[PDB]
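# Working through the structure, step by step
As a plain string of letters, each chain reads:
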There are 4 protein chains.
Amino acid sequence: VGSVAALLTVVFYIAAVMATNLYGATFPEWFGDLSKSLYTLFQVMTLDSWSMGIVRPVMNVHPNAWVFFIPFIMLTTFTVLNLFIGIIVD
Amino acid sequence: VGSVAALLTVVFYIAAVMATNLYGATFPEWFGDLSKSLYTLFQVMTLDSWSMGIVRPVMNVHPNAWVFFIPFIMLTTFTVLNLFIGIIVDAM
Amino acid sequence: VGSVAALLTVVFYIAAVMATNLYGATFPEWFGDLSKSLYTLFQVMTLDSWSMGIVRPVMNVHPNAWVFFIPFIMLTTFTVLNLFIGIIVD
Amino acid sequence: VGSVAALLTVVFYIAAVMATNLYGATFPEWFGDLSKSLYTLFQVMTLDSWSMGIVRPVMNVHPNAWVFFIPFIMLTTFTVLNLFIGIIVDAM
Ligand code: NA
Ligand code: NA
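Residues numbered from 1 in each chain as written, not as in the entry; some residues may be left out. Chains lettered and ligands numbered in written order. Heavy atoms only, no water. Residues with missing side-chain atoms left out of burial classes, pairs and counts.

Per the PDB entry, the recorded name for chain B is Ion transport protein, and the organism is Magnetococcus marinus MC-1.

Per the PDB entry, the recorded name for chain A is Ion transport protein, and the organism is Magnetococcus marinus MC-1.

Take a look at the structure:
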């Protein structure tokens, strides 16, 4: 359970280190520094306006941005569910 | 489990083949080619602005578009949940 | 399981018969007829722009509209989850 | 089960007492009184436009507003899921 959380935080930090680098210069209010990234990736992970509000405007400059966001969503949303179930079982 | 994923990908491809054909010419930014469709249907499956952002504008041109999106939502959202639970069970 | 679905459809029809009557004349594109209502209540049940997009503009004319939408959300979202789990178990 | 609901209502009231105080004067339509707060925190708990619609505009005046909303989300969303599962188990 704590092991699941450990994976998720490593993933969340690596995702935010990558996101800062990729879309930081072009989208500063969303990924203009590691912290700005960690917030936006938490927002993306919750699915609040992930596509219409973030990923589509991102794709208008970086057309393949989907190769990073969609897998990230698939991976982080599975982990969160897995974790939340793990606490409930334990 | 892998069988559940196999169903979902077939559904996802058939849904995107259908969606391209139906609302492609009228809504090119959303379904203007199989890939554009696969992205928008993933977005619809996650429920991000499915109605206010996609389905309602689509219905303003195709008033019965709901006969395709609502069942798709019902089917894909059930499958994803069923799949995610299936992995969790098959690990215990 | 089929019993759960039966409850939900009765609730969904009564909710749409009530919604048509309450906010139909004031918000025709959302509840201007039983079918328009059934669509918007499905949208509300999925939580797509339920508050910012629907319930807040509804409350600007009917300030207590929350006494209908919030319980409806609580009830329908519980039922859907209960149903989806029921199919998975059976 | 009823104990889980009891925790959530205490949390929900304390969160709305805090939220009223913090962002009430600056964002009156959202937290301008305990009731306005309880509605917006329910909306945040459901995740409807939590960030783009609420938290980001809030952060433009209070840059650390995230220290309150993100933990609240983490805590309330876990509780609701835990509660909904608890009813389902206590019926079997
Ligand atoms: Na949403
Ligand atoms: Na959601």
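Next comes the rest of the account.
## Quick word on the nonpolar core
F69 of chain A, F69 of chain B, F69 of chain C together with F69 of chain D are the most contacted members of the largest nonpolar core, which has 121 residues in total. Dropping the residues within four chain positions of it, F69 of chain A is found in contact with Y23, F31, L41, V44, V55 and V58 of chain A. (Core = buried A, V, L, I, M, F, W, Y, C linked by side-chain atoms within 4.5 Å. Buried < 20%, exposed > 50% of the residue type's maximum accessible area, 1.4 Å probe, protein only. Contact = heavy atoms within 4.5 Å.)

## Topic: the environment of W30 of chain D
With respect to the helices and strands, the residue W30 of chain D is situated in helix α2 (residues 28–31). Looking at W30 of chain D, the relative accessible area reads 16%, which means it is buried. For the pair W30 of chain D and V17 of chain D, spaced 13 residues apart in sequence, the C-alpha to C-alpha distance is 13 Å. Apart from residues lying up to four places away in sequence, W30 of chain D is in contact with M52 and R56 of chain C together with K36, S37, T40, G53, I54, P57 and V58 of chain D. (Helix = DSSP H or I, 4+ residues; strand = E, 2+ residues; numbered from the N terminus.)

## Overview of helix α5 (residues 66–89) of chain D
Between its first and last C-alpha, α5 of chain D extends 34 Å over 24 residues, near the 34 Å set by a 1.5 Å rise per residue. Within the span of α5 of chain D, buried status applies to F68, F69, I70, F72, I73, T76, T79, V80, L83, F84 and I88 of chain D. (Expected span 1.5 Å × (residues − 1).)

## Thoughts on the packing of aromatic side chains
Scanning the entire structure with this criterion turns up 44 aromatic pairs over all chains. Ring centres 5.8 Å apart and planes at 55° place the aromatic pair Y23 of chain C and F68 of chain C in the tilted group. One end of the pair, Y23 of chain C, is in helix α1 (residues 2–23); the other, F68 of chain C, is in helix α5 (residues 66–89), and 45 residues separate them in sequence. Residue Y23 of chain C shares its accessibility class with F68 of chain C, and that shared class is buried. Each residue in the set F12, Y23, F31, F68, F69 and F72 of chain A is aromatic and connected to the rest through ring pairs, giving one cluster. (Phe/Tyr/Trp six-rings, centres within 6.5 Å; stacked < 30°, edge-to-face > 60°.)

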